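Undergrad: following this: a sequence and the matching experimental structure.
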Number of protein chains: 2
Amino acid sequence: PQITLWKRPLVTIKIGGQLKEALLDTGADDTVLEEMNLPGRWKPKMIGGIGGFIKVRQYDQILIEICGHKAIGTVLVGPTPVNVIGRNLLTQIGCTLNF
Amino acid sequence: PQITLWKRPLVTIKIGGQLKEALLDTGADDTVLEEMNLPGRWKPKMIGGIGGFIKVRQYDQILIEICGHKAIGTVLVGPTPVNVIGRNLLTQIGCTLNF
Ligand SMILES: CC[C@H](C)CN(C[C@@H](O)[C@H](Cc1ccccc1)NC(=O)O[C@H]1CO[C@H]2OCC[C@H]21)S(=O)(=O)c1ccc([C@@H](O)CO)cc1
């Protein structure tokens, strides 16, 4: 699809078999989701944003579908203010900026 | 043009008579710029992201040129680690997400 930006680019994602809403975020290197239960092993990591750093659980090689497009990559889980889909997965679904 | 997301979508902008590098950021409602001494009146604001909130100064009707495309609107100025062009100006230069 072509998504205009007069509204937040929110889309439905599927991860761990559960549906969620997330924000397509070209300013995010990484994908960061709010607290949730995910199967498999994880490692603790730190990520920084505009307001400082937070602790997250890093899940590697996770299946995640974004608006019907499949991706498999790293998902960070922690106290983010909103679910954000970052460039690590946007590249996988073939997302570009155009003007 | 078309910008892929393999790397950060950094572009050159012109604001306040200065050239700067900024991210085309679909995850930001408004534009947020690193500390700079803009003239004119402003309004305090708080914006929240990963890590928490920062205090910024809101300037209205500020002219910005983004890759040769003129825009005018709200710019938030504060101790952000990066300049981000948000949706308030991305819409004005005709920027869409595509996949
Ligand atoms: C809550 C939704 C997102 C988080 C909101 N942010 C935009 C988002 O693109 C930031 C931009 C950014 C910030 C600092 C360094 C680098 C990039 N990226 C980000 O945090 O990414 C994380 C994960 O990947 C890593 O790579 C880069 C950092 C890591 S914001 O800046 O905090 C923001 C909040 C409110 C407003 C107001 O206008 C109302 O929207 C505008 C902007």
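TA: Cool, got the structure. Numbering: from 1, shown residues only, chains lettered A, B, ... in the order given.

Undergrad: not counting residues beside it along the chain, what's closest to the closest residue to the ligand within chain A?
TA: Residue nearest to the ligand within chain A (CB to the nearest ligand atom): residue A:27, separated by 2.4 Å. Using the backbone N, CA and C atoms, a C-beta is placed for each residue, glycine as well. Nearest residue to residue A:27, sequence neighbours excluded (CB to CB, 6 or more residues apart in numbering or on different chains): residue B:25, at 3.2 Å.

Undergrad: surely that neighbour and residue A:23 touch.
TA: No: counting by CB atoms under 8 Å, residue A:23 is not a contact partner of residue B:25; they are 10.8 Å apart.

Undergrad: okay, those two: which has more neighbours?
TA: Neighbour totals were compared for residue B:25 and residue A:23, and residue B:25 leads with 24 against 18 (other CB atoms under 10 Å in any protein chain shown).

Undergrad: what residues are up against the more buried one?
TA: Residue B:25 sits next to A:25, A:26, A:27, B:9, B:84, B:85, B:86, B:90 when contact means CB atoms under 8 Å, 6 or more residues apart in numbering or on different chains.

Undergrad: and chain A, which residues reach chain B?
TA: Taking CB under 8 Å from any CB of the partner chain as the contact definition, chain A meets chain B at A:1-6, A:8-9, A:23-29, A:32, A:47-54, A:67, A:69, A:80-81, A:84, A:87, A:90-91, A:93-99.

Undergrad: sort out which of these are buried, if you could.
TA: Buried by 16 or more other CB atoms under 10 Å in any protein chain shown: A:3, A:5, A:8-9, A:23-28, A:32, A:47, A:49-51, A:54, A:67, A:69, A:80-81, A:84, A:87, A:90-91, A:93, A:95-97, A:99, out of the residues of chain A next to chain B.

Undergrad: would you map the strands across chain A?
TA: Assigned by DSSP state E, the strands in chain A fall at A:2-3, A:10-15, A:18-24, A:32-33, A:43-49, A:52-66, A:69-77, A:84-85, A:96-98.

Undergrad: just want the residue of chain A that's nearest chain B.
TA: Evaluated by CB to the nearest CB, chain A has residue A:49 as its residue closest to chain B, separated by 2.6 Å.

Undergrad: close enough to count as contact, that residue and residue B:48?
TA: No: the criterion here is CB under 8 Å, and residue A:49 misses it with residue B:48 at 9.4 Å.
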